[PDB]
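Naming convention: chains lettered A, B, ... in sequence-line order (proteins, then strands); numbering from 1 in each chain. Hydrogens, waters and symmetry mates play no part in the numbers below; they use all other heavy atoms, side chains included.
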Amino acid sequence: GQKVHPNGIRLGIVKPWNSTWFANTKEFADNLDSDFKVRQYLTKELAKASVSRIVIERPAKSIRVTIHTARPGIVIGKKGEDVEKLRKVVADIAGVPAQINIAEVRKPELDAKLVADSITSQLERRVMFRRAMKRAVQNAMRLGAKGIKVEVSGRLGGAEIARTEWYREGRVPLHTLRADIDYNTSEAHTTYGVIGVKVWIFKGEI
Amino acid sequence: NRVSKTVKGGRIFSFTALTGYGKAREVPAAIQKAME
Amino acid sequence: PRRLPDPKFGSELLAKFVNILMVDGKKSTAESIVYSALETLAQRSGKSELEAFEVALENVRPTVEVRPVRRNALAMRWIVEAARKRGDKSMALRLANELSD
Amino acid sequence: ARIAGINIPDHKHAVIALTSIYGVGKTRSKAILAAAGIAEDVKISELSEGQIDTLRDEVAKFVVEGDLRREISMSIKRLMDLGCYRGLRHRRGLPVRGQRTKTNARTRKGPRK
Amino acid sequence: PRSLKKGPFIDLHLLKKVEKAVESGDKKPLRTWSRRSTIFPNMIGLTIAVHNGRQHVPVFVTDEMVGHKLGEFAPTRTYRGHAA
Amino acid sequence: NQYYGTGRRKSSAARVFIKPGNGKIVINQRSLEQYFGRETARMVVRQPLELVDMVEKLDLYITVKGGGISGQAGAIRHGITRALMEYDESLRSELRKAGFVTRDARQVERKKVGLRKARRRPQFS
Amino acid sequence: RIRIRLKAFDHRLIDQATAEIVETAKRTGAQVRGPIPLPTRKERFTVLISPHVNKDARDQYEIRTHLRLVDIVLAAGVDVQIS
Amino acid sequence: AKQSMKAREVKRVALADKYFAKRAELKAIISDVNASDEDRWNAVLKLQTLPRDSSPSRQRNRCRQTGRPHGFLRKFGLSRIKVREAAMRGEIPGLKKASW
RNA sequence: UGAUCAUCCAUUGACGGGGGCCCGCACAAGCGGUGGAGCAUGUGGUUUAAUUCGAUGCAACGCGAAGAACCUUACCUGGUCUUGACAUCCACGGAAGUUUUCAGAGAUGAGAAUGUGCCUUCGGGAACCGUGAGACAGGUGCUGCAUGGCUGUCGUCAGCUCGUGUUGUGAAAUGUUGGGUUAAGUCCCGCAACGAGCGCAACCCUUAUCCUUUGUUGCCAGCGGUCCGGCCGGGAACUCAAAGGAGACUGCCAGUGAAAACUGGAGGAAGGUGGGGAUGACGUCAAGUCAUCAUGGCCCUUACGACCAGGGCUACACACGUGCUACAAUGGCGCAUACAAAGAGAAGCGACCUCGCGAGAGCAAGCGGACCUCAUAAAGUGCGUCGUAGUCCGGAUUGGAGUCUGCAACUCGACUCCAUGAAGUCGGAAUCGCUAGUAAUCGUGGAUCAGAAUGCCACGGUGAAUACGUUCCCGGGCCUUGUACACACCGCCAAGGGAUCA
Ligand SMILES: CN(C)c1cc(CNCC(C)(C)C)c(O)c2c1C[C@H]1C[C@H]3[C@H](N(C)C)C(=O)C(C(N)=O)=C(O)[C@@]3(O)C(=O)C1=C2O
Ligand SMILES: CN[C@@H]1[C@H](O)[C@H](NC)[C@H]2O[C@@]3(O)C(=O)C[C@@H](C)O[C@H]3O[C@@H]2[C@H]1O
Ligand SMILES: [K+]
Ligand SMILES: [K+]
Ligand SMILES: [K+]
Ligand SMILES: [K+]
Ligand SMILES: [K+]
Ligand SMILES: [K+]
Ligand SMILES: [K+]
Ligand SMILES: [K+]
Ligand SMILES: [K+]
Ligand SMILES: [K+]
Ligand SMILES: [K+]
Ligand SMILES: [K+]
Ligand SMILES: [K+]
Ligand SMILES: [K+]
Ligand SMILES: [Mg+2]
Ligand SMILES: [Mg+2]
Ligand SMILES: [Mg+2]
Ligand SMILES: [Mg+2]
Ligand SMILES: [Mg+2]
Ligand SMILES: [Mg+2]
Ligand SMILES: [Mg+2]
Ligand SMILES: [Mg+2]
Ligand SMILES: [Mg+2]
Ligand SMILES: [Mg+2]
Ligand SMILES: [Mg+2]
Ligand SMILES: [Mg+2]
Ligand SMILES: [Mg+2]
Ligand SMILES: [Mg+2]
Ligand SMILES: [Mg+2]
Ligand SMILES: [Mg+2]
Ligand SMILES: [Mg+2]
Ligand SMILES: [Mg+2]
Ligand SMILES: [Mg+2]
Ligand SMILES: [Mg+2]
Ligand SMILES: [Mg+2]
Ligand SMILES: [Mg+2]
Ligand SMILES: [Mg+2]
Ligand SMILES: [Mg+2]
Ligand SMILES: [Mg+2]
Ligand SMILES: [Mg+2]
């Protein structure tokens, strides 16, 4: 049957929020919609730059966007050229002053979003799905995940009948609330249609 | 040689490869077992 | 499955009786009806209100063998059921008349 | 008593007994009684003959009985002659005030044909 | 019903239509979609062709009609019985 | 000297101040019989002092907030027993044997999605 | 009187921000009357989780808005109204 | 929702803001106790001749992401579906699964 | 072969009416309902110009819709537009925009004034408009049986598997079975298995007790007054608020047991999972959703796209589902008078006061709230009245007269006033919910929302009855056996109406 979102259920238990501002009802919806337009802009611009997470704070008349990226050199650029010109667009979008900070994902093979994006990248190059899945699981366990599960669903290998296929290695205890389960998804847009990727990475209990 | 076990609601398709004699849900694992 | 004293007389049997008579949680409404009925009963009989109530139960109490908790439970349920059917004007008097009979 | 062609019940309170007149509900009743100056809860039997004449007086201020029935009948008859939507609902014997007819509407329609 | 404070609603386009009909003394049917417009006294004697959703239904205005809406005289749904 | 106890029952909370005397009962600046109408309430408030045989030896100023008549009477009783245990701790065992020292923890179970109430399901056909 | 109202969606965050204003006011010689935990608003929301039908399938969410007052006789996402 | 329907909502918001004060003025005459019947009559006939879409009640709250006109929630500005997706991704501050 | 060897007038499953052992408000025991009535609401059908589309046994039918008068709106009728309502790109025109005029249902068209700013290499503009261009936009069109995502369902049931080893020619088997035990593949013991993964449990939220900290907007025990109101000076006790701790472990005791556990006892606010919630294994039904969104393919492109007004989604011989209100006296009515919790609020909640019979209106404080407002809890209790009547029960329906929201309540709102006073007198076969602060009943609040709940989501008050038991019905678990089933009994022979022997 259907399952609770692993990130959602653990918010405030072991997982932090990605938006951390305060607002009253009058400012709340506008802040969500500006946050949406910020995250949308950056996800597009930094499609090649290995973006895992976009954390948004809003201090006193400001937006602070922290971009968690495995390739900070690509995001930052030369003399912080690229940081500064993202920062203008974010400040335009949010309609307030903006700092962009660039945080580094040191182990991208342990980042659920980066792993999911890698698989969907490979699926769109017409890499065989089983190979892409196996490589993800092996990489994460090599780099010291206590477990990983990868699910791929859709018209796998352009088959007529859609299928779900998954591999797991190690522990992925989804009912354990204190389990540090990084969970994220991605979509591969193929010639045959959408294939969904789901990745769960377990990094010990807290 | 693909073989099958029936279960409630379907069938589990498995593979066997006469190289020894192994058995696995994937083909390459069956070879590794059979070679071992 | 597969695996409190009434505050006027100290008889839990009457506390049960209030509960059987009670409808919709209205326990104070039930209590008044029963006490009114017991004093009425006593005036047209001449005992302490439990003795007449207990003699009234003895005639109803059914004897597969009924065990004595279900026995008094059935009696009281049948009394209340019998009382509610009648064409006396209030439930207090319906109950008093049914208990008398 | 007899007030406006209706034999008003003698063993009822004046407030209640007066509602037996068509065109007189509970509030017009209490209005009549407090104007004529009889208590609501006094029985119609107990009133002296002069007091009934005062009750008969206060009801003549209102439209009642066959005056009202003509008045009601004329209102409904105007609608049908007018041939407005309300009049068509009167004509067909359906709900007049926008109610559901897919189900229910049995007060107006009668029992199921 | 509309509050007495606010008075009676008619559409301005219709109020002008009806005035022009009186001034000129024309009896050619006045075509309107304003079902929600109240019938005023100066309507009397005009035929007002009221839209019912597909057709303009003529309403020769009478004195009994005044105070009612125009759309009261243009039924929208067609029903001629079931099993018939 | 006053010996205090809090009492609680459903959504009710009761502040009870016992001290020696002839046996007045104030509940929110009203007598017992003005405050509580029902005789089930009034027994329940005297149950503890009836038990310990100190009906006419102890005055009682009570405040009570929240809940209803039986809840508040139950809150009051809890507080009187809690006040008595502060006065004399020989009375604990006997008051516990009367079942008074227990905070009746039974509360209104919440309404739930798909059910009309806490447990009442909608009708099936 | 300097009267400090703090709101936050997180209670660890509000107690820290409180502790900054409070201890800082204590350092100077302003008479801090103690920090007062006011009632947390638990705002609640119930949504259908299916895109279509399945009316009994729902999620229930809550935002807890924590509230602190401190009288005198910061982290982004802590609210501050000093009157 | 279709692109046209989202664009209808934009147009209605803009006209509501354009005529807000002009609508408020004309309505205030119609509500007023102490006024002429001629000015009131005029004021009734002016309020109708404005764009219908300048009335605020012609606006439907839509999901800001999708345009869905059902299941809207005011605090988030989103439908039930996009609220849920954002909630579970940790994108709505303070919002967590509730139990009590 | 699954695999293996005009009009009203041999293996694995599955299955058995084969066997054994179990569980769940499944039955039983109860309590209250549904089915009858009126009405609300959804659906079918029928009707219609249209009655938009979707959901269809359990698991569709107060379901998507947390709110269809216009809008929403997808539908119909009619009026309209064609690079376009919504984007980018290019040429050319041009500041944006502020008023009003006429025609038109409006869309829109034709005007006529007014403003002609501001960035600024005085070099330009880029802001936002218009005309033209064709690359394209657009589609709630089709396929949920091409898909992702999300969801229902078995069911919070105790299952489902793998590695390595061992056994079998092999499909496979073992572990996972067995003896107990448990809410539980829970735990223990035995055991060719040894371990592990996903489920169970725990970690999470809330509720029941205490403690520390803190003390306003909350609080009032002791003081000092009092306009007798925590109203004021005060107090920090107490209620409470909400941070941080403590607490429950079968830990203790006794008995039973071959150990796990079970049964009772102490203490304790709480006792065996304390109560409630969140949490939904591998899979099952080509289950639901291309109309939230996304998306392969197909299809439409002066139309299947787009704009407008009016109509429809509210139709009514009828059938079905879910509700509300009743049929009274355990009650109705009148008067007086107690005790809640939880929540919402800025184009918002709106007091006091004045006016209105009332819905409401006027005036106008306060409150982005422990302060102000919504905002009298109701059932209760007391006293009075009605006296078993189709009633002083019921409140349907209809007439007249209003109020309010809204450009607008004709189709088609809610509410009030006066009048009216229908069916209904406890509901056939059949059928539903519930095991305790539950059911039942009583109010209260909230989301959607201009307005529009009898629905939904939450909150307290009062507050039961009954459970001997598992034979039977329904769903499910484990083991074993028969099988001509594998689309898997909705099958194509089970005890087939050889099994069965516990
Ligand atoms: C003609 N057939 C075989 C068929 C064919 C297709 C493919 N083409 C369909 C279409 C293009 C709409 C003509 C289909 O897509 C489908 C079905 C069967 C239905 C049956 C339906 C049924 N009723 C609702 C009617 C039911 O209760 C059950 C059930 N399992 O209980 C179902 O499976 C269904 O819901 C269903 O989903 C179907 C199909 O998809
Ligand atoms: C009552 N719940 C059942 C039960 O747990 C079944 N196992 C005995 C279980 O079996 C499965 O796991 C299966 O193996 C087969 C599938 C159709 O159902 C799955 O879900 C089945 C569950 O739905
Ligand atoms: K719509
Ligand atoms: K799907
Ligand atoms: K063999
Ligand atoms: K094995
Ligand atoms: K379905
Ligand atoms: K498609
Ligand atoms: K309409
Ligand atoms: K209708
Ligand atoms: K209903
Ligand atoms: K019904
Ligand atoms: K009557
Ligand atoms: K209407
Ligand atoms: K069997
Ligand atoms: K045979
Ligand atoms: Mg009458
Ligand atoms: Mg309740
Ligand atoms: Mg429902
Ligand atoms: Mg779209
Ligand atoms: Mg609206
Ligand atoms: Mg039964
Ligand atoms: Mg019925
Ligand atoms: Mg089906
Ligand atoms: Mg419409
Ligand atoms: Mg499907
Ligand atoms: Mg098994
Ligand atoms: Mg286990
Ligand atoms: Mg074993
Ligand atoms: Mg669990
Ligand atoms: Mg014990
Ligand atoms: Mg299908
Ligand atoms: Mg379908
Ligand atoms: Mg569709
Ligand atoms: Mg329209
Ligand atoms: Mg409808
Ligand atoms: Mg009545
Ligand atoms: Mg509200
Ligand atoms: Mg609040
Ligand atoms: Mg009759
Ligand atoms: Mg149970
Ligand atoms: Mg078992």
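Heavy atoms of F:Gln123 sit under 4.0 angstrom from at least one base atom. Backbone-only contact: F:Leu115 has heavy atoms under 4.0 Å from sugar-phosphate atoms and none from a base. No contact: D:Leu88 has no heavy atom under 4.0 Å from any strand. G:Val53 comes within 4.0 angstrom of a nucleotide base, judged by non-hydrogen atoms across all strands. Residue contacts for H:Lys6: at a heavy-atom cut-off of 4.0 Å it reaches no nucleic acid atom on any strand shown. As judged by a 4.0 angstrom heavy-atom cut-off over every strand, F:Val113 is placed among residues touching the sugar-phosphate backbone only. Residue contacts for A:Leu174: at a heavy-atom cut-off of 4.0 Å it reaches the sugar-phosphate backbone alone, with no base atom in range. At a threshold of 4.0 angstrom between heavy atoms, the contacts of F:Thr6 are confined to the sugar-phosphate backbone, with no base atom among them. Note on C:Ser28: only backbone sugar-phosphate atoms sit closer than 4.0 angstrom, heavy atoms only; bases stay farther off. Residue contacts for G:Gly34: at a heavy-atom cut-off of 4.0 Å it reaches the sugar-phosphate backbone alone, with no base atom in range.
Pairing between I:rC318 and I:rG44: present (Watson-Crick or G-U wobble, both distances under 3.5 Å). I:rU212 and I:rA243 are base-paired: they meet the Watson-Crick or G-U wobble geometry, with both hydrogen-bonding distances under 3.5 Å. I:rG125 and I:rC472 are not base-paired: they meet neither the Watson-Crick nor the G-U wobble geometry with both distances under 3.5 Å. I:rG350 and I:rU167 are not base-paired, meeting neither the Watson-Crick nor the G-U wobble geometry with both donor-acceptor distances under 3.5 Å.
Computed from coordinates, the G:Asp71 CG to I:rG218 P distance equals 13 Å when rounded to whole Å. Rounded to whole Å, the distance from NZ on B:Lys23 to P on I:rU12 is 15 Å.
When Watson-Crick and G-U wobble pairs are counted only if both distances are under 3.5 Å, I:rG54 pairs with I:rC63. Pairing for I:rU186 is absent, with no Watson-Crick or G-U wobble pair whose two atom distances lie under 3.5 Å. Checking I:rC200 for Watson-Crick or G-U wobble geometry (two distances, each under 3.5 Å) identifies no partner in any strand. Across all strands shown, I:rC262 forms a Watson-Crick or G-U wobble pair, both distances under 3.5 Å, with I:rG255. The partner of I:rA436 cannot be assigned: no Watson-Crick or G-U wobble pair with both contacts below 3.5 Å exists in any strand. Of the nucleotides present, none pairs with I:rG451 by Watson-Crick or G-U wobble criteria with both distances under 3.5 Å.
Looking at H:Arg58, its side chain comes within 3.5 Å of the base of I:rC70 through a donor and an acceptor atom. Judged by distance alone, with hydrogens and angles left aside, C:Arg2 brings a side-chain donor or acceptor within reach of the base of I:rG24, the pair sitting under 3.5 Å. At a cut-off of 3.5 angstrom, counting only N and O atoms as typed in the model, there is no donor on one side facing an acceptor on the other between the side-chain of E:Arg77 and the base of I:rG312. Interface remark: the F:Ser125 side chain does not form any donor-acceptor pair with the I:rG321 base, using a distance-only criterion of under 3.5 Å. With hydrogens and angles left out, the side chain of F:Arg9 and the base of I:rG437 share a donor-acceptor pair within 3.5 Å. A donor-acceptor contact under 3.5 angstrom links the side-chain atoms of G:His52 to the base of I:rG54. Counting atom types as modelled, C:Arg84 pairs a side-chain N or O with a base atom of I:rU330 as donor and acceptor under 3.5 Å. With hydrogens and angles ignored, a donor-acceptor pair under 3.5 angstrom links the side chain of D:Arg97 to the base of I:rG399. With hydrogens and angles ignored, a donor-acceptor pair closer than 3.5 Å exists between the side chain of E:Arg35 and the base of I:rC410.
Ion pairing between D:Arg86 and E:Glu72 fails under the 4.0 Å rule for side-chain N and carboxylate O.
Taking side-chain N and O atoms only, C:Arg67 has a distance below 4.0 Å to OP1 or OP2 of I:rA467. Put simply, H:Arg62 has a side-chain N or O that comes within less than 4.0 Å of OP1 or OP2 on I:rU73.
Here the straight-line distance linking atom NZ of C:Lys26 with atom CD of C:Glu31 works out to 12.5 Å at 0.5 Å rounding. A distance of 11.5 Å separates CZ of B:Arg2 from OG1 of B:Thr16, quoted to the nearest 0.5 Å.
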Could you list all N or O pairs between the protein and nucleotides 352-361 of chain I that sit under 3.5 Å apart?
from: I:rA361; atom 1: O2'; to: E:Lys5; atom 2: NZ; distance (Å): 3.1

What are the atom names and distances for every N/O pair under 3.5 Å that joins the protein to nucleotides 144-150 of chain I?
from: I:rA146; atom 1: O3'; to: A:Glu160; atom 2: O; distance (Å): 3.0
from: I:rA146; atom 1: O2'; to: A:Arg155; atom 2: NE; distance (Å): 3.1
from: I:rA146; atom 1: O2'; to: A:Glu160; atom 2: O; distance (Å): 2.5
from: I:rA146; atom 1: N3; to: A:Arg155; atom 2: NH1; distance (Å): 3.3
from: I:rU147; atom 1: OP1; to: A:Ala162; atom 2: N; distance (Å): 2.8
from: I:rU147; atom 1: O2'; to: A:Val194; atom 2: O; distance (Å): 2.7
from: I:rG148; atom 1: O3'; to: A:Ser153; atom 2: OG; distance (Å): 3.3
from: I:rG148; atom 1: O2'; to: A:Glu187; atom 2: OE2; distance (Å): 2.7
from: I:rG149; atom 1: OP1; to: A:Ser153; atom 2: OG; distance (Å): 3.4
from: I:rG149; atom 1: OP2; to: A:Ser153; atom 2: OG; distance (Å): 2.9
from: I:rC150; atom 1: OP2; to: A:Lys198; atom 2: NZ; distance (Å): 2.8
from: I:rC150; atom 1: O3'; to: H:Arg84; atom 2: NH1; distance (Å): 2.9
from: I:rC150; atom 1: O2'; to: G:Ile49; atom 2: O; distance (Å): 2.7

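Taking atom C1' in both I:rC136 and I:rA113, the straight-line distance is 40 Å, to the nearest Å. Going from the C1' atom of I:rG460 to that of I:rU398 covers 41 Å, rounded to whole Å. Taking atom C1' in both I:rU301 and I:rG348, the straight-line distance is 48 Å, to the nearest Å. Nucleotides I:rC227 and I:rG235 have their P atoms positioned 23 Å apart, rounded to a whole Å.
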Scan nucleotides 337-344 of chain I nucleotide by nucleotide, 5' to 3', and note B when protein non-hydrogen atoms come under 4.0 Å of the base, S if they reach only the sugar-phosphate, - if neither. -BSSS--S

